[PDB]
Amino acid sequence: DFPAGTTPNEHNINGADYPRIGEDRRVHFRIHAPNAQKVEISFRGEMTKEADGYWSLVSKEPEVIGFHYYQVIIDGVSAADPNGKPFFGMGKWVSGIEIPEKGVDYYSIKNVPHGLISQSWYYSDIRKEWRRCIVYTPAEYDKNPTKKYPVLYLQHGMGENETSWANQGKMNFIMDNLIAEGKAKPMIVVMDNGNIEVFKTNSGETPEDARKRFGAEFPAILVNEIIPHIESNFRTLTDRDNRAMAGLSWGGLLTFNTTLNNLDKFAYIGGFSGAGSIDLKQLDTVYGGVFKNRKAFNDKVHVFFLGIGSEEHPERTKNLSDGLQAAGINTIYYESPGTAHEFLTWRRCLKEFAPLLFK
């Protein structure tokens, strides 16, 4: 029946025997499409025609560990694999390949207490719309009725939305395991929508104009609508020492703009392969001069975390970190070995960052 040494991809729907993952980390795709002229797998090129109207494709080389978005492409039309569970990435609902790592389980389901992942609705006056945020509460939450928790606000990048961290990010098992093992403080995590699903430039706009607009309302939405909603409906501490924020990719830039313009509300800042930048040549004036007084900044911001995959040009982020440190701004630098601009890098970033919070 199936090629030797393959198991079904973890993100297949029940009953779907393909795609399959092999012990050599090659992926095996197989689709019945007798009336199609051409079938591709995103980022992998064309499949081969087989008997009985089937198409196959096997990774030319071992694939990289971690999570990878994919779609099937039928005569040029990209769609989610009918065999797959859905993930929101690349601006729509697509599919996901999972390549297992050896000797790793911090994002696996273990026999420890599991927090809830909850859908929570609130109205936004800024955007004149109902919005849904995703909230992790720790497993001990309901059994500690008088306790208040600190909050981490955790943001996605471009082409993602409020569901991505808990879905392809596996963030709830990361938090469950970290908390069970005593490595991170029991905390609430709030995951909302940056409104950066699809990047568009309007006809009168320069590229700079469009980037400046891209998710530009999120800082105000977070500080003026998400925080009040969260504090009204969950048992939270509300002082700055108990409020953290991290974002991946463009979400790292939203995090820089939210937190560094609202230091009275945030004391922990995390960029995961962030698009946020700091002009070292202007350290004393950028962001309204909050970096000028080194001790005051280092005293106010307890964790300033910069993460990056080793296969996505780490030198830019390492140069920024080394530059900040040489000027007297504390940073935590983390480099994810073997990974690039994909979710395994950010799973590792969360596992490294969450233990540093609220201590």
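In this text, residue numbers run from 1 along the sequence as written.
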| query | finding |
| --- | --- |
| Selected stretch [higher average CA B-factor]: 283-291 or 95-103 | 283-291 |
| 76-84 set against 203-211, stretch whose average Cα temperature factor tops the other in the entry | 203-211 |
| Selection from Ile269, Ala275, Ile230, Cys133 [criterion: highest C-alpha temperature factor in the record] | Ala275 |
| Chain-relative CA temperature factor third for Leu237 | middle |
| Among modelled residues of the same chain, the CA temperature factor third for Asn12 | middle |
| CA B-factor ranking of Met90, expressed as a third of its chain | highest |
| CA B-factor ranking of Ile109, expressed as a third of its chain | middle |
| Chain thirds of CA B-factor: placement of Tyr149 | lowest |
